[PDB]
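In what follows, a structure is listed as structure tokens, so that the remarks can point back to it.
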Amino acid sequence: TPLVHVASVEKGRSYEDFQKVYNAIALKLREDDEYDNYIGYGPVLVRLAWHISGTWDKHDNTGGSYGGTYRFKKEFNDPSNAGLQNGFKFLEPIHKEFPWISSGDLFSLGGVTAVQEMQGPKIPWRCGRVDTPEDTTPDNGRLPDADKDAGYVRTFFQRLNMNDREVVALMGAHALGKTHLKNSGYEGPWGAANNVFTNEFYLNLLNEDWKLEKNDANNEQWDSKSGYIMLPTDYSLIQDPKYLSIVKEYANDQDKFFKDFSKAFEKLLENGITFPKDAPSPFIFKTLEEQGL
Ligand code: HEM
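PDB author numbering runs 1 ahead of the 1-based position in the sequence shown.
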């Protein structure tokens, strides 16, 4: 019926092997710090990890992170993926150094590494994704539009099995990076520390005086006088009463937010994968910093 995607550990690799891929991505983050005006590639790696995981359809088990399908042209040239090709190019040299890691395993660890090296919470991660054939590549159109409202978001997230708490926890990833006109028809960052992982997104959403305006791509965005932005989907988080009390909780307690995000991000990343009972437990990688590097 629904595909079954069983996780299979890369033959003969253990924890230490994966700690090494992580340490390489980390060292590389540290080093190419000039990208996107000095934001670094942190934010674009997190976004690449969400986008390869977000094509998942809980109905027939297609899409999701398992197959590393982003490596194929169809997925790669998905208009909603515009701009991701920068996270790809960044990880290529790494893949060439550790050729035994599957794609989906690399693309997902990149997201975890970014968060943790950007001072986020530790995200437990699992190995085992296996590259599948070019024909298992999901058609374009499964990632969410940004010009919509809270019911649109609730609905969309439901296909990925995420509830309210998970959607608001994931969304605060919007503290990182920024929109770029050329990629999405949106322009501007969400906050000021856009390369440190904090609950900043929620404080802005609650504390700024936002104005609705149209941008040069002729799309509407919410503009703050501090120079921040909020897409319609972000904005929708304070329109809905269920979402807004959760926003508040997070504006109010960065810990809580970190715990909730950790859990939701892992789930997002393991959606669609069956892990045998004998599969190793999830790894918690040390940062560069905890390793003294
Ligand atoms: C309805 C849900 C979402 C919508 C409509 C949305 C839309 C967008 C758009 C339009 C951009 C800007 C692209 C560009 O021009 O570079 C963006 C960037 C980004 N997204 Fe979201 N996104 C959503 C959810 C997520 C989630 C769940 C995450 C991770 C949990 C995420 C992480 C990011 C990051 C980190 C960036 C910044 C990337 C950079 O600086 O290149 N977003 N998102």
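Positions of the beta carbon are idealized from the N, C-alpha and C atoms, including for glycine.
Beta carbon of residue i nearer than 8 Å to that of residue j
i      : j      : result
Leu30  : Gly41  : yes
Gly173 : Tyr203 : yes
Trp191 : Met163 : no
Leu270 : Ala50  : yes
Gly64  : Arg130 : no
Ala27  : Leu289 : yes
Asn87  : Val45  : yes
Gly189 : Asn220 : no
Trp126 : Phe284 : yes
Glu76  : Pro139 : yes
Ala176 : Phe158 : no
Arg155 : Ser104 : no
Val47  : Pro277 : no
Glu201 : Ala265 : no
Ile102 : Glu17  : no
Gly43  : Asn141 : no
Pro80  : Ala147 : no
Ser263 : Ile53  : no
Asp58  : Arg160 : yes
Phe19  : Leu110 : yes
Rounded C-alpha distance that separates residue i from residue j
i           : j      : result
residue 343 : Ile247 : Residue 343 lies beyond the stretch modelled for the chain, which goes from 2 to 294, so this question has no answer here.
residue 1   : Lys268 : The structure shown has nothing for residue 1, since the chain only spans 2 to 294.
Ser9        : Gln222 : 43 Å
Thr56       : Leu207 : 30 Å
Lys257      : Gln117 : 16 Å
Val169      : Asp261 : 9 Å
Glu32       : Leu294 : 13 Å
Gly273      : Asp132 : 14 Å
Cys128      : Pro134 : 19 Å
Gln240      : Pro122 : 28 Å
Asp37       : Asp279 : 42 Å
residue 326 : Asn216 : What the structure shows of the chain is the stretch from 2 to 294, and residue 326 is not part of that stretch, so it cannot be assessed.
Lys243      : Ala218 : 31 Å
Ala25       : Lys212 : 42 Å
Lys179      : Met119 : 15 Å
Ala252      : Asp136 : 43 Å
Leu171      : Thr70  : 22 Å
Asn62       : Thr2   : 9 Å
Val5        : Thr275 : 7 Å
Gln255      : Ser282 : 27 Å
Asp165      : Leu238 : 10 Å
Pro100      : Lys249 : 44 Å
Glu98       : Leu245 : 45 Å
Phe108      : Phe286 : 16 Å
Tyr67       : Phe89  : 17 Å
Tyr153      : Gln292 : 43 Å
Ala193      : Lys149 : 25 Å
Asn184      : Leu92  : 20 Å
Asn205      : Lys74  : 37 Å
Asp210      : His96  : 44 Å
Buried versus exposed call for residue i [16 or more other C-beta atoms within 10 Å across all chains shown]
i      : result
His60  : exposed
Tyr39  : exposed
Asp106 : buried
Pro94  : exposed
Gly112 : buried
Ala151 : buried
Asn78  : exposed
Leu182 : exposed
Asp224 : buried
Proximity test, residue i beta-carbon vs ligand 3 heavy atom, cut-off 7 Å
i      : result
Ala151 : This structure lacks ligand 3; its bound ligands are ligand 1.
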